[PDB]
Structure formats: C-alpha cells, structure tokens
Amino acid sequence: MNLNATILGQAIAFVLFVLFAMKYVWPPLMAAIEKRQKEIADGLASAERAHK
Amino acid sequence: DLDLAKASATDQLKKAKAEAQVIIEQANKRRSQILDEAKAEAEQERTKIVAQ
C-alpha cells in the first residue's frame with residue numbers, strides 16, 4: 001500500500017506526544033489519590049486507639 | 001469519639017487520684033487512732049497495777 005515518509009513524520013510525532021504527556025500531563029497527578037486514602041485510613045486508626 | 005475517649009480517661013484518672021488521697025487519709029487517721037489509744041490503754045493498765 002502507501003508506505004510513505006508520513007510514517008517517519010508520525011514516529012517523531014508519536015515520541016513528541018509521549019514527551020508532552022511525560023513532562024506536563026502525568027507528573028502532577030499522583031498526590032491527590034494518596035491524600036484522599038490517608039484521610040480515610042487515619043480514621044480507622046483513631047477508632048482503634050479509642051477502643052484501646 | 002476519640003475526643004470522648006480522652007475526656008473520660010482523664011476524668012477517671014483524676015477520680016482515682018482523689019480516691020487514693022481519701023484512702024490514704026483514712027489510713028493516717030487509723031494510725032493516729034491506734035497510737036493514741038495504745039498510749040491511753042497502757043496508762044490505764046499501769047494505774048490499775050499500782051492500785052492493786
């Protein structure tokens with residue numbers, strides 16, 4: 001079919017989109033989930049210490 | 001609930017301290033009673049002996 005220089009342009013485009021997601025998108029996301037988990041587990045700890 | 005646990009715990013500890021104070025005070029009262037009654041009893045029996 002039409003194997004084209006488009007394939008190489010799109011390889012560079014693939015790695016560029018990977019880089020954009022790698023630098024800007026993904027790094028800022030991790031913290032929220034851990035904070036929300038922490039504020040639920042500490043309550044179970046508090047109940048245990050009340051009983052103790 | 002943990003706040004309630006701490007409050008009741010402090011109340012109970014202070015109550016135990018007050019009970020300890022009262023109990024040891026009665027111990028001291030008993031000691032004074034025993035000492036002075038022993039002195040009086042000794043004198044009573046001695047006076048009886050010389051009368052005899």
# chains A, B, ... in the order shown; residues from 1 in each chain; ligands from 1
call {"tool": "interface_residues", "arguments": {"of": "chain A", "to": "chain B", "cutoff": "9 Å", "atoms": "only C-alpha atoms", "output": "list in words"}}
result
residues 46, 47, 49, 50 and 51 of chain A
call {"tool": "select_by_dssp", "arguments": {"residues": "chain A", "states": "helix (DSSP H, G or I)", "output": "number ranges by chain"}}
result
A: 6-25, 27-29, 31-51
